[PDB]
Enquirer: 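My questions will all concern the structure given below.
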Amino acid sequence: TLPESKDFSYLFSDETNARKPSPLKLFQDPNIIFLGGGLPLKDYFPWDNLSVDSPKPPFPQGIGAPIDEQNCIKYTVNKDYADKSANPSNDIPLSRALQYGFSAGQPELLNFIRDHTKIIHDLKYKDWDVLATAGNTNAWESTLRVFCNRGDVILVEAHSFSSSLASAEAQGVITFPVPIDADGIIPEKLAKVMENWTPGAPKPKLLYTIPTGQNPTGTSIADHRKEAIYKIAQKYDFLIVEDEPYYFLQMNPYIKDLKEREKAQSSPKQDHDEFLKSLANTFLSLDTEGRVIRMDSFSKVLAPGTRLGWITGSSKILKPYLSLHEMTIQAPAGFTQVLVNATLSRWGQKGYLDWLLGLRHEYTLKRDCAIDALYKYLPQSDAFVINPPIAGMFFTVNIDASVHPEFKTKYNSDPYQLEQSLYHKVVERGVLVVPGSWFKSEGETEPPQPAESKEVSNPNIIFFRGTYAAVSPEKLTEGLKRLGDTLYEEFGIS
Amino acid sequence: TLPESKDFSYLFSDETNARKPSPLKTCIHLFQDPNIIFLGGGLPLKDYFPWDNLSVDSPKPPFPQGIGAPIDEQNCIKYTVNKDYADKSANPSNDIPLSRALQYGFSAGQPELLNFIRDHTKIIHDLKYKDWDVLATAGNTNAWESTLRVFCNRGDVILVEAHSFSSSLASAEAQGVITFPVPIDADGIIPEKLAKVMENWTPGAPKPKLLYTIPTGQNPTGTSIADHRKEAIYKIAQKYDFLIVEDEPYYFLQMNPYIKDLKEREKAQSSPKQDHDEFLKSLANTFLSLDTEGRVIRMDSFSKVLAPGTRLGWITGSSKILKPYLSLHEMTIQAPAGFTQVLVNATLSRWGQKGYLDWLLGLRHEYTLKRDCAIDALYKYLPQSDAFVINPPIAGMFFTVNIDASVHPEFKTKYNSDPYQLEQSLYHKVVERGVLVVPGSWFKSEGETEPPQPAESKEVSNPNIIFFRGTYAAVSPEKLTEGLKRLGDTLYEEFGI
Ligand SMILES: Cc1ncc(COP(=O)(O)O)c(CN)c1O
């Protein structure tokens with residue numbers, strides 16, 4: 001009924017095309033005596049009866065409540081189970097989690113992830129699958145190895161995640177920046193970059209985007225924009241790699257008027273159907289061809305130290321990723337898979353939505369606190385633009401450098417020089433937010449792209465990224481007060 | 001005091017030289033700072049991490065019933081690791097709290113775990129330069145991947161054993177790294193032959209950046225490089241300026257030599273177990289212990305010691321050499337899974353360095369039994385002409401059956417005098433008998449330089465000898481013995497011997 005994915009192997013790197021798996025890869029087969037692979041006896045693995053406490057859906061006191069008493073699910077995973085009847089929650093037994101094998105991920109884990117995938121997204125082609133990773137850092141590294149030769153070109157957001165950019169730069173992959181605004185990638189500008197792409201220059205292989213709660217701008221690509229960008233990717237034949245660690249940091253609408261906000265907060269909470277309907281569309285759900293690779297992580301949902309995530313893409317696309325994983329990480333840590341699977345399986349798909357609803361709630365409160373402080377403590381004028389993010393853990397403080405009294409004299413109309421001195425001046429006041437320039441994508445092709453493709457809107461706008469994820473409301477508010485005080489003083493505003 | 005490592009940065013790959021870490025990395029150190037409010041990270045609240053009170057059972061030193069005994073009754077330690085500790089005194093065991101294991105940070109590995117590893121390092125090795133350190137990895141598979149990224153551009157050359165680990169070779173091949181084979185025998189790498197390869201290295205050809213070696217329980221040959229040979233090999237490395245990467249996942253699978261006479265063995269196995277001092281004295285010297293310059297990189301793994309799915313190992317090397325590996329890790333794999341580090345640290349710390357030696361002695365005992373069983377069966381079921389050679393391994397989990405393909409009746413005719421042809425025949429015939437072994441050619445290193453090396457450097461010692469690698473680690477004594485009966489019989493039948 002659904003079409004098969006397209007074959008994009010013509011985009012595979014030289015390393016991918018050269019990679020041949022070790023022929024040294026039946027152990028469970030009753031009739032074969034296994035004298036081949038060095039699989040050590042599970043009798044020697046020095047752990048049994050792994051137990052833990054996890055909070056209990058629907059997390060009535062908030063997802064941050066102490067884990068005990070009635071807010072507590074308790075369980076134990078054994079090394080071996082006598083019969084399938086002794087394993088009702090379908091845990092990954094330690095004997096299997098701790099033995100070589102299952103480089104794509106343990107099947108119980110991937111089954112939970114596939115079921116979750118079907119709830120969250122609407123898949124438009126037949127042969128999609130998932131592959132477990134050690135997180136989105138790992139997934140992006142693998143994506144570069146799989147597709148990009150030194151000197152290949154990718155498209156990136158004009159400001160993007162510092163590590164992803166650094167990773168591509170180390171490999172000599174050209175990161176060509178495309179324009180973004182308050183609603184993320186601007187499709188018309190993207191289209192123009194492609195239509196005017198200099199003949200002779202390497203064709204971009206893929207677009208690397210963080211569509212929801214963009215790092216660092218905090219923006220989200222509007223649904224209609226994702227549709228227009230997907231069409232551009234089809235017309236110019238590039239893949240879309242969506243890095244989505246913040247997808248579930250989508251928030252309830254920012255409401256500036258406090259009385260209006262209290263009324264809205266007084267209303268019943270979202271049910272599961274309302275939650276799902278409120279979520280942003282995804283490039284995965286738009287993909288009819290298998291040209292989208294989505295990178296998901298448990299870092300911001302469960303914990304950064306889980307070191308576990310997954311990729312979703314076509315069965316065709318996932319082949320070289322699995323071959324690479326087999327020769328690099330091998331498989332995500334068995335214990336992390338056991339504990340993530342066990343907790344998620346007990347929550348169930350529905351209990352996991354309750355968890356994600358709790359996560360949404362906590363972030364909303366943090367965001368409101370941040371934005372309230374900015375409206376209260378920053379100078380209020382066209383020079384200081386505040387965009388309340390609708391998703392993510394980041395906000396930006398935007399500054400028109402050209403309004404500084406010494407921009408022309410002291411700073412030689414150089415916005416970067418002003419940014420750098422404000423950074424120090426802010427740290428001297430006792431708050432650290434991070435310079436926009438650290439996230440600025442830079443790339444050039446041979447032969448070069450035309451002038452129009454290099455344009456920057458508002459070249460005198462500088463910004464700082466802050467986050468509301470990590471600190472108390474009191475510390476957040478005080479930090480932003482200090483920052484705002486610095487800006488008044490520094491800008492000669494009364 | 002001790003000398004400082006040498007700077008080998010001239011060996012770093014182009015990718016390594018181009019990798020620049022973010023100024024953002026600096027900032028992530030200003031979290032707990034109380035004078036600067038830090039709104040510059042992306043560290044989610046530990047309040048939301050959905051686990052607390054991680055508990056498990058582990059076996060108990062000195063493991064008197066064997067390291068494979070059930071984890072229960074007396075052979076059982078129980079512990080519980082909390083997410084947070086009210087104060088350090090509510091944490092007497094010095095566990096990595098979950099709130100820290102599961103947060104971003106410590107990309108080199110959690111301090112408690114690295115401290116245990118450093119203490120262990122000092123017990124096992126005799127270190128001879130000042131700035132050695134350790135870095136946690138996701139295992140030797142990833143450590144080798146990382147080594148190739150750090151040092152080798154496409155077209156660079158490394159030296160490898162004539163027969164080596166199939167996966168290491170395939171990793172190098174995928175990256176276009178030339179793997180130039182050097183000769184080995186019953187005692188591992190032959191230093192005189194290695195020295196000649198370097199002496200005769202063709203001017204203008206890429207000079208080797210490193211030797212990749214599996215010195216103890218070599219995969220696949222099962223050999224151990226003699227103490228004096230390591231000393232010689234290290235000198236060659238100093239002379240021709242290459243690094244030594246010792247891939248050592250089988251180091252603690254060393255065994256007493258195989259005693260052929262059963263009476264001679266019963267009385268020797270009658271003597272009480274090694275104490276820790278005789279255990280340590282019995283261990284092979286390491287390239288790490290020879291290193292006075294930081295030219296050695298050791299790759300260690302908990303895979304064969306604790307379990308493969310731990311996905312945890314470490315690299316030992318100079319602070320200078322570890323710097324680009326950490327920079328690469330921060331952009332790739334990041335730190336090993338927090339839960340793996342918590343559970344490995346928690347179990348090892350409670351065993352202590354001494355209980356961990358008891359464990360490793362228990363591992364030696366189990367593999368010794370397995371080796372004896374295998375080698376005994378080979379002497380019972382294999383033909384005993386000069387055309388069938390068994391070298392009983394002193395280390396590791398593999399044995400080989402070396403066979404002169406030439407002595408086969410239908411060799412000239414059915415296989416047109418082609419050893420590889422015979423090897424693939426035998427291999428499928430054996431699997432058809434219900435026993436899985438591995439053809440030796442899957443391990444054969446191949447590489448060439450431009451301009452080519454001279455012919456002396458390319459010589460092979462009678463290409464009519466084929467081999468099969470078997471393992472005694474994975475199955476029961478009874479299955480191992482049956483497996484090797486079928487194999488020895490197949491050989492008897494096939495050679496009409
Ligand atoms: C020489 C060698 N290196 C590495 C490994 C595996 O290392 P790890 O399981 O630590 O990734 C093996 C066996 N799988 C090996 O024999």
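Below, each value reflects all heavy atoms present in this structure, side chains not excepted, and no hydrogens, waters or symmetry copies. All ligand and atom numbering here is 1-based and tracks the order in the structure. Naming: A, B, ... by sequence-line order, numbering from 1 per chain.
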Enquirer: Please check whether B/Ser303 reaches ligand 1 - meaning an N/O of the residue sits under 3.5 Å from an N/O of the ligand, judged on distance alone.
Expert: yes
Enquirer: Just checking, any donor-acceptor pair under 3.5 angstrom between side chains of B/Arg364 and B/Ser282?
Expert: yes
Enquirer: Looking only at distances, please establish whether an N/O atom of ligand 1 is found under 3.5 Å from an N/O atom of B/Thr141.
Expert: yes
Enquirer: Output the list of atoms in ligand 1 that are nearer than 4.0 Å to some heavy atom of B/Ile214, sorted by atom number.
Expert: 1 (C)
Enquirer: Under a 3.5 Å threshold, yes or no: a donor from one side chain and an acceptor from the other, between B/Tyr212 and B/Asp247?
Expert: yes
Enquirer: Less than 3.5 Å between some nitrogen or oxygen of B/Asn142 and one of ligand 1, yes or no?
Expert: no
Enquirer: Using only heavy-atom distances, determine whether the side chains of B/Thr286 and B/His125 contain a donor-acceptor pair under 3.5 Å.
Expert: yes
Enquirer: Between B/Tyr250 and ligand 1, find which residue part has any heavy-atom pair under 4.0 Å and reply side chain, backbone, both or neither.
Expert: side chain
Enquirer: What atoms of ligand 1 come closer than 4.0 angstrom to any heavy atom of B/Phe165?
Expert: 1 (C), 2 (C), 3 (N), 4 (C), 5 (C), 12 (C), 13 (C), 14 (N), 15 (C)
Enquirer: Any idea which part of B/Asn140 is under 4.0 Å from ligand 1, heavy-atom wise: side chain, backbone, both or neither?
Expert: both
Enquirer: If we only count heavy atoms from C-beta on, is the B/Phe468 to B/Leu487 side-chain gap below 4.5 Å?
Expert: no
Enquirer: Within the 4.5 Å heavy-atom criterion, are A/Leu35 and B/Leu484 side-chain neighbours or not?
Expert: yes
Enquirer: Would you check if the distance from the ring center of B/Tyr251 to the ring center of B/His120 is below 6.0 Å?
Expert: no
Enquirer: Heavy-atom pairs closer than 4.0 Å: do any link ligand 1 to the side chain of B/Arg311, the backbone, both, or neither?
Expert: side chain
Enquirer: Heavy-atom contacts under 4.0 Å between B/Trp144 and ligand 1: side chain, backbone, both, or neither?
Expert: neither
